[PDB]
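Coming up is one lone chain in structure tokens, specifically the form deposited in one PDB entry.
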């Protein structure tokens, strides 16, 4: 926070303008509120509940990223590290510090900002953000069939059925090579 002439002093804040930031545990409520609309309203299920969301943001916030429109969180990606080729049920609530794959637990864009290319900018951004981390050689996520062609535009490849079941839902596993 540059104050020319005053080295250790931090400059006051004013409203920012579109930025990408790691999410904080305090941003958890805003995530779950988007998840209510985005996931819970269609399937009656969602990737992470508030507690689970807060967990990953306290444990590994650097594996998360959100697009903030002038201070408002409108799109996110909550992740953690995994240490196996395939995703398993138990990996939903696990973060493996010495893992090698960035496990994207949830990705969602606020309904009033969808179809503007913002979800893609975020995903691309996230792949670069985590790809830069010296141990993360791959990215993994599960999605329903409809979103498979979408994710292939980012380098993800179909890895068949995902061993993870959420409620009464089944998904296709996707793998994306990075470093």
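So that the term is clear: the rigid core is the largest set of C-alpha atoms that superpose within 1.5 Å between two forms. Numbering follows the first chain given and starts at 1.
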{"query": "Mean Cα B-factor comparison, 111-119 or 28-36, giving the higher one as deposited", "finding": "28-36"}
{"query": "Residue stretch of maximal mean CA temperature factor, 102-110 vs 76-84", "finding": "102-110"}
{"query": "Among 155, 16, 167, 161 - the residue whose C-alpha B-factor is largest in the record", "finding": "167"}
{"query": "Residue 61 - which third its CA temperature factor falls in, relative to the rest of the chain", "finding": "lowest"}
{"query": "Residue 3 - which third its CA temperature factor falls in, relative to the rest of the chain", "finding": "highest"}
{"query": "Cα B factor band for residue 139 (lowest, middle or highest third within the chain)", "finding": "lowest"}
{"query": "Record-listed C-alpha B factor of residue 147: chain third", "finding": "lowest"}
{"query": "Third assignment of residue 53 from its chain's C-alpha B-factors", "finding": "highest"}
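Below: the form deposited in another entry, not depicted.
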| query | finding |
| --- | --- |
| Option from 127, 147, 60, 48 moving between the shown form and the other one, CA shift at or above 2 Å, rigid core reference | 48 |
| Threshold 2 Å Cα movement between the shown form and the other one for residue 136, core superposed | no |
| Residue 163 C-alpha moves between the shown form and the other one by 2 Å or more, core aligned | yes |
| Cα-Cα trend for residue 33 and residue 109, given that in the other entry the distance shifts by 3 Å or more | farther |
| Sense of CA distance change between residue 34 and residue 174 in the other entry, threshold 3 Å | farther |
